[PDB]
Amino acid sequence: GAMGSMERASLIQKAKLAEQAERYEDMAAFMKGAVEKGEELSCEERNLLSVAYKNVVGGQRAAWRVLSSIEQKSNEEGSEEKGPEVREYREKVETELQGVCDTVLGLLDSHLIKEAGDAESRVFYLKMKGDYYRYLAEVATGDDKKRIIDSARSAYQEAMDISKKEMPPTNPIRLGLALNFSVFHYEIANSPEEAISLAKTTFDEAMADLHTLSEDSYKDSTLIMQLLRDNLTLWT
Amino acid sequence: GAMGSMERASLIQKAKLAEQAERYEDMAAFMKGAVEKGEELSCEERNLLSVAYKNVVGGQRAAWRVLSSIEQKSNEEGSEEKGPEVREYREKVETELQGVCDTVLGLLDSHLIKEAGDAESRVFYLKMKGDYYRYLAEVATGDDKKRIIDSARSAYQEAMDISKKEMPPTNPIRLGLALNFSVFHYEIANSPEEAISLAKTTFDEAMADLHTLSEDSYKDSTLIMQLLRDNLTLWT
Amino acid sequence: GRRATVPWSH
Amino acid sequence: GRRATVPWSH
Ligand SMILES: [Mg+2]
Ligand SMILES: [Mg+2]
Ligand SMILES: [Mg+2]
Ligand SMILES: [Mg+2]
Ligand SMILES: [Mg+2]
Ligand SMILES: [Mg+2]
Ligand SMILES: [Mg+2]
Ligand SMILES: [Mg+2]
């Protein structure tokens, strides 16, 4: 890897500088270099990795949706034939997006998940695995679509099982996992009732545990709880 | 070039799709491919080229300013030594920025400027040449700084001379050239009085010619005139 | 308003 | 407010 000659601490330092500069591709490359040093990641480092790749794939996903919408409009009755260019360029963006997802999944498989023994790290990485299979599912149209969807589901489910056993219902990792798995149910698995049930149950159990928290933990948990409520308002 | 096998019209079509998708690096690569076909560019195509590279270099410039500010703070008395990483990463962004400027300048020199005979195209490309030397000047600190500054000045000056002879004072290309050359004077050439004089004279001469314009031309010209006024308000 | 998902833990 | 420059003709 191109980062093999740089010190782990320098890669982490540069990832933080890249974030400040809004250079998310650089941030992700630095964090990939740090993961490939082979040591486990601290909580802060896990969040740098997640933030970096989410910004990268978020730009790709937004671009893919724009291009997919144009492509669908071109395939309506009455639309003039404009050639292969829209499909080709949508495919180019799609292939780049899939490559980033495969890169993240590769880091998780080699070897972040297998070395993650604490609940907070293991749930974090399994949520990430579910997220990046979910992004693959958003663009999948072929023979492997069902297996991609089931890979996301299986990763989310293992993360859910650990989080319910080992974390309080207000834990922000647990809350964000539930938020994302609920969205998976709603828009990937065609299970809006499961999505709504999960979001409501997660919100209500967190509400009942807020009394145990400091002011700063309360702020963290209620922020994600508001996102669950926002989705429930959209869906009902 | 990687775009050598794609049709000119397909490159233009994909540049427009990339713009819609906010994929400005792709947009610039498509437009570079189109320029390298060797044919002159239409007005619309010139604007696609300019918009694409401006978005690319604009991200790099903003990142460079963030990193340069951090680097300067690290070099104040009382700041803890953090190693070479800030300088290294600022240099990385700087080198990438310089490469993009050199790419644009290369397209202008091979061979957009020499084939541009109409005032609108020639002024457009000479303004671009001034702009991209100006971006090189923003980061220059060495033996060639004065020559980089003079290259920007010379390109802007030739564009100004043509624009005053061949274009009305409300022409949007002429107005944007004056806006940018005024900023060059203010913040590159250490000539704020020249910057203010140029902006004021440009604004006043455009104001006197607005009566000749259609509603749509009036809208185009007054928009840029407002930017001249905004700069004058900032500087006085 | 697009539905919400998050990448961070906190 | 940062001073204004433009890349486009129109
Ligand atoms: Mg070492
Ligand atoms: Mg495909
Ligand atoms: Mg371990
Ligand atoms: Mg516990
Ligand atoms: Mg041809
Ligand atoms: Mg340098
Ligand atoms: Mg010609
Ligand atoms: Mg004329």
# chains A, B, ... in the order shown; residues from 1 in each chain; ligands from 1
call {"tool": "interface_residues", "arguments": {"of": "chain B", "to": "chain A", "cutoff": "8 Å", "atoms": "only C-alpha atoms", "output": "count of residues only"}}
result
16
call {"tool": "residues_near_ligand", "arguments": {"ligand": "ligand 8", "cutoff": "10 Å", "atoms": "only C-alpha atoms and all ligand atoms", "output": "MDAnalysis selection string"}}
result
chainID B and resid 118:120 162:168 171
call {"tool": "residues_near_ligand", "arguments": {"ligand": "ligand 1", "cutoff": "10 Å", "atoms": "only C-alpha atoms and all ligand atoms", "output": "list in words"}}
result
residues 4, 5, 6, 7, 8, 9, 10 and 37 of chain A
call {"tool": "closest_atom_pairs", "arguments": {"of": "chain A", "to": "chain C", "cutoff": "9 Å", "atoms": "only C-alpha atoms", "output": "tab-separated table"}}
result
residue	atom	partner	partner_atom	distance
A:43	CA	C:9	CA	8.7
A:46	CA	C:8	CA	8.6
A:47	CA	C:8	CA	5.7
A:48	CA	C:8	CA	8.5
A:50	CA	C:7	CA	5.8
A:51	CA	C:7	CA	6.1
A:53	CA	C:7	CA	8.9
A:54	CA	C:7	CA	6.3
A:124	CA	C:9	CA	7.3
A:127	CA	C:7	CA	9.0
A:128	CA	C:7	CA	7.8
A:131	CA	C:7	CA	8.5
A:171	CA	C:9	CA	8.8
A:172	CA	C:9	CA	5.7
A:173	CA	C:9	CA	4.6
A:174	CA	C:9	CA	8.3
A:175	CA	C:9	CA	8.6
A:176	CA	C:6	CA	6.1
A:177	CA	C:6	CA	8.2
A:179	CA	C:5	CA	6.2
A:180	CA	C:5	CA	5.3
A:181	CA	C:5	CA	9.0
A:183	CA	C:5	CA	7.3
A:220	CA	C:10	CA	6.4
A:221	CA	C:10	CA	8.4
A:224	CA	C:6	CA	8.6
A:227	CA	C:4	CA	6.1
A:228	CA	C:4	CA	7.8
A:230	CA	C:3	CA	7.4
A:231	CA	C:3	CA	5.5
A:234	CA	C:3	CA	7.3
A:235	CA	C:3	CA	8.9
call {"tool": "write_last_selection", "arguments": {"atoms": "N, CA and C atoms", "output": "mmCIF file, in the first residue's frame"}}
result
data_model
loop_
_atom_site.group_PDB
_atom_site.id
_atom_site.type_symbol
_atom_site.label_atom_id
_atom_site.label_comp_id
_atom_site.auth_asym_id
_atom_site.auth_seq_id
_atom_site.Cartn_x
_atom_site.Cartn_y
_atom_site.Cartn_z
ATOM 1 N N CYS A 43 -11.486 3.950 19.995
ATOM 2 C CA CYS A 43 -12.806 4.476 19.665
ATOM 3 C C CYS A 43 -12.703 5.678 18.725
ATOM 4 N N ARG A 46 -11.715 4.483 15.240
ATOM 5 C CA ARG A 46 -12.828 3.840 14.542
ATOM 6 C C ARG A 46 -13.760 4.883 13.955
ATOM 7 N N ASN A 47 -14.010 5.953 14.703
ATOM 8 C CA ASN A 47 -14.880 6.995 14.186
ATOM 9 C C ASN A 47 -14.232 7.765 13.041
ATOM 10 N N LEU A 48 -12.911 7.974 13.067
ATOM 11 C CA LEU A 48 -12.257 8.592 11.912
ATOM 12 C C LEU A 48 -12.417 7.726 10.671
ATOM 13 N N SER A 50 -14.817 5.540 9.994
ATOM 14 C CA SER A 50 -16.212 5.543 9.570
ATOM 15 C C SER A 50 -16.579 6.863 8.903
ATOM 16 N N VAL A 51 -16.210 7.981 9.526
ATOM 17 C CA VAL A 51 -16.529 9.296 8.962
ATOM 18 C C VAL A 51 -15.887 9.462 7.588
ATOM 19 N N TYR A 53 -14.856 7.173 5.231
ATOM 20 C CA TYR A 53 -15.483 6.393 4.169
ATOM 21 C C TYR A 53 -16.941 6.778 3.961
ATOM 22 N N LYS A 54 -17.643 7.222 5.007
ATOM 23 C CA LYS A 54 -19.032 7.613 4.789
ATOM 24 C C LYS A 54 -19.122 8.836 3.901
ATOM 25 N N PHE A 124 -19.623 -1.872 16.528
ATOM 26 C CA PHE A 124 -19.267 -0.824 15.569
ATOM 27 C C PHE A 124 -18.900 -1.410 14.210
ATOM 28 N N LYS A 127 -21.912 -3.187 12.480
ATOM 29 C CA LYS A 127 -22.781 -2.167 11.898
ATOM 30 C C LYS A 127 -22.195 -1.654 10.590
ATOM 31 N N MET A 128 -20.887 -1.376 10.570
ATOM 32 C CA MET A 128 -20.238 -0.927 9.339
ATOM 33 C C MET A 128 -20.399 -1.962 8.234
ATOM 34 N N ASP A 131 -23.801 -1.697 6.910
ATOM 35 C CA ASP A 131 -23.958 -0.466 6.133
ATOM 36 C C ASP A 131 -23.385 -0.621 4.726
ATOM 37 N N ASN A 171 -27.078 3.583 24.638
ATOM 38 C CA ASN A 171 -25.732 3.654 24.090
ATOM 39 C C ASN A 171 -25.785 4.178 22.654
ATOM 40 N N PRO A 172 -25.020 5.224 22.318
ATOM 41 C CA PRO A 172 -25.139 5.813 20.976
ATOM 42 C C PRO A 172 -24.818 4.853 19.838
ATOM 43 N N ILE A 173 -23.910 3.890 20.042
ATOM 44 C CA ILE A 173 -23.631 2.903 18.997
ATOM 45 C C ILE A 173 -24.861 2.039 18.763
ATOM 46 N N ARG A 174 -25.468 1.563 19.852
ATOM 47 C CA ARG A 174 -26.687 0.768 19.764
ATOM 48 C C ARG A 174 -27.796 1.549 19.079
ATOM 49 N N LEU A 175 -27.934 2.830 19.419
ATOM 50 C CA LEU A 175 -28.991 3.635 18.818
ATOM 51 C C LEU A 175 -28.777 3.830 17.322
ATOM 52 N N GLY A 176 -27.540 4.132 16.906
ATOM 53 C CA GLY A 176 -27.286 4.337 15.488
ATOM 54 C C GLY A 176 -27.383 3.061 14.683
ATOM 55 N N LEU A 177 -26.979 1.935 15.278
ATOM 56 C CA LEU A 177 -27.205 0.635 14.654
ATOM 57 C C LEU A 177 -28.686 0.409 14.396
ATOM 58 N N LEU A 179 -31.093 2.657 14.192
ATOM 59 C CA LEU A 179 -31.527 3.606 13.170
ATOM 60 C C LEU A 179 -31.256 3.061 11.771
ATOM 61 N N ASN A 180 -30.023 2.599 11.542
ATOM 62 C CA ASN A 180 -29.630 2.149 10.207
ATOM 63 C C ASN A 180 -30.286 0.825 9.834
ATOM 64 N N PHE A 181 -30.407 -0.109 10.786
ATOM 65 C CA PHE A 181 -31.049 -1.382 10.484
ATOM 66 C C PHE A 181 -32.526 -1.172 10.201
ATOM 67 N N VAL A 183 -33.734 1.533 8.721
ATOM 68 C CA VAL A 183 -33.755 2.000 7.329
ATOM 69 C C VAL A 183 -33.542 0.842 6.353
ATOM 70 N N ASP A 220 -25.856 13.155 23.831
ATOM 71 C CA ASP A 220 -25.504 12.206 22.772
ATOM 72 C C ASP A 220 -26.691 11.320 22.416
ATOM 73 N N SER A 221 -27.353 10.758 23.429
ATOM 74 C CA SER A 221 -28.424 9.798 23.173
ATOM 75 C C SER A 221 -29.654 10.461 22.576
ATOM 76 N N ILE A 224 -29.554 11.108 18.711
ATOM 77 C CA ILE A 224 -29.871 9.981 17.835
ATOM 78 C C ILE A 224 -31.331 9.579 17.976
ATOM 79 N N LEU A 227 -33.343 11.416 15.572
ATOM 80 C CA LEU A 227 -33.314 10.855 14.225
ATOM 81 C C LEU A 227 -34.289 9.691 14.082
ATOM 82 N N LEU A 228 -34.390 8.831 15.105
ATOM 83 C CA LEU A 228 -35.406 7.782 15.075
ATOM 84 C C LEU A 228 -36.802 8.382 14.963
ATOM 85 N N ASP A 230 -37.566 11.341 13.755
ATOM 86 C CA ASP A 230 -37.701 11.937 12.427
ATOM 87 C C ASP A 230 -38.110 10.889 11.399
ATOM 88 N N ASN A 231 -37.489 9.710 11.447
ATOM 89 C CA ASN A 231 -37.853 8.665 10.497
ATOM 90 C C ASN A 231 -39.276 8.171 10.732
ATOM 91 N N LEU A 234 -41.650 10.600 9.230
ATOM 92 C CA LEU A 234 -41.678 10.448 7.781
ATOM 93 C C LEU A 234 -42.488 9.235 7.346
ATOM 94 N N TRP A 235 -42.469 8.162 8.131
ATOM 95 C CA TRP A 235 -43.014 6.885 7.695
ATOM 96 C C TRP A 235 -44.447 6.647 8.147
#
call {"tool": "residues_near_ligand", "arguments": {"ligand": "ligand 3", "cutoff": "6 Å", "atoms": "only C-alpha atoms and all ligand atoms", "output": "VMD selection string"}}
result
chain A and resid 115 to 117
call {"tool": "select_by_dssp", "arguments": {"residues": "range 141-184 of chain B", "states": "alpha helix (DSSP H)", "output": "PDB file with N, CA and C atoms, in the first residue's frame"}}
result
ATOM      1  N   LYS B 145       8.566  33.162  -7.945  1.00  0.00           N
ATOM      2  CA  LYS B 145       7.334  33.835  -7.543  1.00  0.00           C
ATOM      3  C   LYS B 145       7.079  35.080  -8.388  1.00  0.00           C
ATOM      4  N   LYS B 146       8.106  35.912  -8.573  1.00  0.00           N
ATOM      5  CA  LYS B 146       7.914  37.131  -9.352  1.00  0.00           C
ATOM      6  C   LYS B 146       7.548  36.822 -10.798  1.00  0.00           C
ATOM      7  N   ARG B 147       8.155  35.787 -11.387  1.00  0.00           N
ATOM      8  CA  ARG B 147       7.816  35.460 -12.768  1.00  0.00           C
ATOM      9  C   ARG B 147       6.411  34.872 -12.878  1.00  0.00           C
ATOM     10  N   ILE B 148       5.962  34.115 -11.872  1.00  0.00           N
ATOM     11  CA  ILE B 148       4.592  33.600 -11.881  1.00  0.00           C
ATOM     12  C   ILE B 148       3.602  34.756 -11.825  1.00  0.00           C
ATOM     13  N   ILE B 149       3.852  35.713 -10.928  1.00  0.00           N
ATOM     14  CA  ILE B 149       3.001  36.894 -10.825  1.00  0.00           C
ATOM     15  C   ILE B 149       2.987  37.660 -12.133  1.00  0.00           C
ATOM     16  N   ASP B 150       4.152  37.820 -12.764  1.00  0.00           N
ATOM     17  CA  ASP B 150       4.162  38.585 -13.999  1.00  0.00           C
ATOM     18  C   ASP B 150       3.471  37.838 -15.131  1.00  0.00           C
ATOM     19  N   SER B 151       3.503  36.500 -15.116  1.00  0.00           N
ATOM     20  CA  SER B 151       2.779  35.738 -16.128  1.00  0.00           C
ATOM     21  C   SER B 151       1.278  35.940 -15.991  1.00  0.00           C
ATOM     22  N   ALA B 152       0.771  35.957 -14.757  1.00  0.00           N
ATOM     23  CA  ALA B 152      -0.643  36.260 -14.557  1.00  0.00           C
ATOM     24  C   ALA B 152      -0.959  37.661 -15.061  1.00  0.00           C
ATOM     25  N   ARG B 153      -0.143  38.639 -14.660  1.00  0.00           N
ATOM     26  CA  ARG B 153      -0.380  40.026 -15.050  1.00  0.00           C
ATOM     27  C   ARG B 153      -0.400  40.172 -16.565  1.00  0.00           C
ATOM     28  N   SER B 154       0.568  39.555 -17.246  1.00  0.00           N
ATOM     29  CA  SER B 154       0.672  39.697 -18.696  1.00  0.00           C
ATOM     30  C   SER B 154      -0.534  39.095 -19.403  1.00  0.00           C
ATOM     31  N   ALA B 155      -1.013  37.940 -18.929  1.00  0.00           N
ATOM     32  CA  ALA B 155      -2.189  37.337 -19.546  1.00  0.00           C
ATOM     33  C   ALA B 155      -3.428  38.199 -19.331  1.00  0.00           C
ATOM     34  N   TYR B 156      -3.637  38.653 -18.092  1.00  0.00           N
ATOM     35  CA  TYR B 156      -4.757  39.543 -17.812  1.00  0.00           C
ATOM     36  C   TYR B 156      -4.680  40.810 -18.642  1.00  0.00           C
ATOM     37  N   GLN B 157      -3.470  41.372 -18.793  1.00  0.00           N
ATOM     38  CA  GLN B 157      -3.333  42.637 -19.511  1.00  0.00           C
ATOM     39  C   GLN B 157      -3.674  42.477 -20.982  1.00  0.00           C
ATOM     40  N   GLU B 158      -3.210  41.392 -21.616  1.00  0.00           N
ATOM     41  CA  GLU B 158      -3.582  41.173 -23.010  1.00  0.00           C
ATOM     42  C   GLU B 158      -5.092  40.984 -23.147  1.00  0.00           C
ATOM     43  N   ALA B 159      -5.709  40.240 -22.221  1.00  0.00           N
ATOM     44  CA  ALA B 159      -7.161  40.072 -22.254  1.00  0.00           C
ATOM     45  C   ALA B 159      -7.869  41.411 -22.087  1.00  0.00           C
ATOM     46  N   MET B 160      -7.371  42.258 -21.178  1.00  0.00           N
ATOM     47  CA  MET B 160      -7.962  43.579 -20.978  1.00  0.00           C
ATOM     48  C   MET B 160      -7.863  44.419 -22.244  1.00  0.00           C
ATOM     49  N   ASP B 161      -6.700  44.404 -22.897  1.00  0.00           N
ATOM     50  CA  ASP B 161      -6.509  45.232 -24.085  1.00  0.00           C
ATOM     51  C   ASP B 161      -7.471  44.821 -25.193  1.00  0.00           C
ATOM     52  N   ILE B 162      -7.628  43.511 -25.416  1.00  0.00           N
ATOM     53  CA  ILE B 162      -8.579  43.040 -26.420  1.00  0.00           C
ATOM     54  C   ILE B 162     -10.004  43.395 -26.020  1.00  0.00           C
ATOM     55  N   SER B 163     -10.360  43.168 -24.753  1.00  0.00           N
ATOM     56  CA  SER B 163     -11.740  43.369 -24.319  1.00  0.00           C
ATOM     57  C   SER B 163     -12.154  44.828 -24.460  1.00  0.00           C
ATOM     58  N   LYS B 164     -11.240  45.761 -24.180  1.00  0.00           N
ATOM     59  CA  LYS B 164     -11.594  47.171 -24.286  1.00  0.00           C
ATOM     60  C   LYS B 164     -11.758  47.593 -25.735  1.00  0.00           C
ATOM     61  N   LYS B 165     -10.963  47.024 -26.641  1.00  0.00           N
ATOM     62  CA  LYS B 165     -11.092  47.356 -28.054  1.00  0.00           C
ATOM     63  C   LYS B 165     -12.326  46.719 -28.686  1.00  0.00           C
ATOM     64  N   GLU B 166     -12.634  45.469 -28.335  1.00  0.00           N
ATOM     65  CA  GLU B 166     -13.539  44.650 -29.129  1.00  0.00           C
ATOM     66  C   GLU B 166     -14.880  44.334 -28.482  1.00  0.00           C
ATOM     67  N   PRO B 172     -20.356  40.324 -20.331  1.00  0.00           N
ATOM     68  CA  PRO B 172     -20.064  39.583 -19.095  1.00  0.00           C
ATOM     69  C   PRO B 172     -18.649  39.024 -19.017  1.00  0.00           C
ATOM     70  N   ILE B 173     -18.037  38.656 -20.150  1.00  0.00           N
ATOM     71  CA  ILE B 173     -16.651  38.186 -20.123  1.00  0.00           C
ATOM     72  C   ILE B 173     -15.730  39.319 -19.700  1.00  0.00           C
ATOM     73  N   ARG B 174     -15.923  40.496 -20.301  1.00  0.00           N
ATOM     74  CA  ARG B 174     -15.143  41.675 -19.944  1.00  0.00           C
ATOM     75  C   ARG B 174     -15.318  42.018 -18.475  1.00  0.00           C
ATOM     76  N   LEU B 175     -16.551  41.938 -17.977  1.00  0.00           N
ATOM     77  CA  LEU B 175     -16.797  42.274 -16.579  1.00  0.00           C
ATOM     78  C   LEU B 175     -16.116  41.295 -15.630  1.00  0.00           C
ATOM     79  N   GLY B 176     -16.206  39.990 -15.915  1.00  0.00           N
ATOM     80  CA  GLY B 176     -15.582  39.014 -15.034  1.00  0.00           C
ATOM     81  C   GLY B 176     -14.071  39.053 -15.092  1.00  0.00           C
ATOM     82  N   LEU B 177     -13.516  39.340 -16.274  1.00  0.00           N
ATOM     83  CA  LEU B 177     -12.082  39.581 -16.389  1.00  0.00           C
ATOM     84  C   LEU B 177     -11.652  40.728 -15.488  1.00  0.00           C
ATOM     85  N   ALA B 178     -12.382  41.844 -15.539  1.00  0.00           N
ATOM     86  CA  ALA B 178     -12.027  42.997 -14.716  1.00  0.00           C
ATOM     87  C   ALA B 178     -12.152  42.672 -13.236  1.00  0.00           C
ATOM     88  N   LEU B 179     -13.218  41.958 -12.856  1.00  0.00           N
ATOM     89  CA  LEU B 179     -13.381  41.533 -11.468  1.00  0.00           C
ATOM     90  C   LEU B 179     -12.154  40.766 -10.985  1.00  0.00           C
ATOM     91  N   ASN B 180     -11.726  39.774 -11.771  1.00  0.00           N
ATOM     92  CA  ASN B 180     -10.622  38.912 -11.351  1.00  0.00           C
ATOM     93  C   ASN B 180      -9.282  39.639 -11.396  1.00  0.00           C
ATOM     94  N   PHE B 181      -9.054  40.478 -12.414  1.00  0.00           N
ATOM     95  CA  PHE B 181      -7.797  41.214 -12.487  1.00  0.00           C
ATOM     96  C   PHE B 181      -7.712  42.221 -11.354  1.00  0.00           C
ATOM     97  N   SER B 182      -8.856  42.786 -10.960  1.00  0.00           N
ATOM     98  CA  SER B 182      -8.883  43.670  -9.804  1.00  0.00           C
ATOM     99  C   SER B 182      -8.488  42.927  -8.533  1.00  0.00           C
ATOM    100  N   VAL B 183      -9.000  41.702  -8.348  1.00  0.00           N
ATOM    101  CA  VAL B 183      -8.586  40.890  -7.197  1.00  0.00           C
ATOM    102  C   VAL B 183      -7.095  40.557  -7.262  1.00  0.00           C
ATOM    103  N   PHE B 184      -6.588  40.221  -8.452  1.00  0.00           N
ATOM    104  CA  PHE B 184      -5.148  40.050  -8.633  1.00  0.00           C
ATOM    105  C   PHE B 184      -4.382  41.262  -8.110  1.00  0.00           C
TER     106      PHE B 184
END
call {"tool": "residues_around", "arguments": {"residues": "range 106-109 of chain B", "least_positions_apart": "6", "cutoff": "8 Å", "atoms": "only C-alpha atoms", "output": "list in words"}}
result
residues 32, 35, 36, 125 and 129 of chain B
call {"tool": "write_last_selection", "arguments": {"atoms": "N, CA, C and O atoms", "output": "CSV table (one decimal), in the first residue's frame"}}
result
chain,number,residue,atom,x,y,z
B,32,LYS,N,-11.1,17.9,-20.5
B,32,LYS,CA,-9.8,17.8,-21.0
B,32,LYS,C,-9.7,16.9,-22.2
B,32,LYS,O,-9.1,17.2,-23.2
B,35,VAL,N,-11.1,18.9,-25.1
B,35,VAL,CA,-10.1,19.8,-25.7
B,35,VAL,C,-9.0,19.1,-26.5
B,35,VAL,O,-8.6,19.5,-27.6
B,36,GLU,N,-8.6,17.9,-26.0
B,36,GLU,CA,-7.5,17.2,-26.7
B,36,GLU,C,-7.9,16.6,-28.0
B,36,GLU,O,-7.0,16.1,-28.8
B,125,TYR,N,-9.9,32.7,-22.9
B,125,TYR,CA,-8.8,31.9,-22.6
B,125,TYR,C,-7.7,32.6,-21.9
B,125,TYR,O,-7.0,32.1,-21.0
B,129,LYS,N,-5.9,31.9,-18.4
B,129,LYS,CA,-4.4,31.8,-18.1
B,129,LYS,C,-4.0,32.7,-17.0
B,129,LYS,O,-3.3,32.3,-16.1
call {"tool": "residues_near_ligand", "arguments": {"ligand": "ligand 2", "cutoff": "8 Å", "atoms": "only C-alpha atoms and all ligand atoms", "output": "list in words"}}
result
residues 91, 92, 94, 95, 139 and 140 of chain A
call {"tool": "decode", "arguments": {"residues": "chain C", "atoms": "C-alpha atoms", "output": "compact mmCIF listing (two decimals), in the first residue's frame"}}
result
# COMPACT_ATOMS: atom_id res chain seq x y z
CA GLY C 1 -36.67 15.37 4.10
CA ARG C 2 -34.58 12.28 3.40
CA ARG C 3 -34.67 9.58 6.07
CA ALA C 4 -31.73 9.58 8.48
CA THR C 5 -28.82 7.14 8.78
CA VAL C 6 -25.55 7.67 10.74
CA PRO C 7 -21.89 6.61 10.27
CA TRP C 8 -20.50 7.62 13.66
CA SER C 9 -20.93 6.11 17.10
CA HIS C 10 -21.26 9.52 18.80
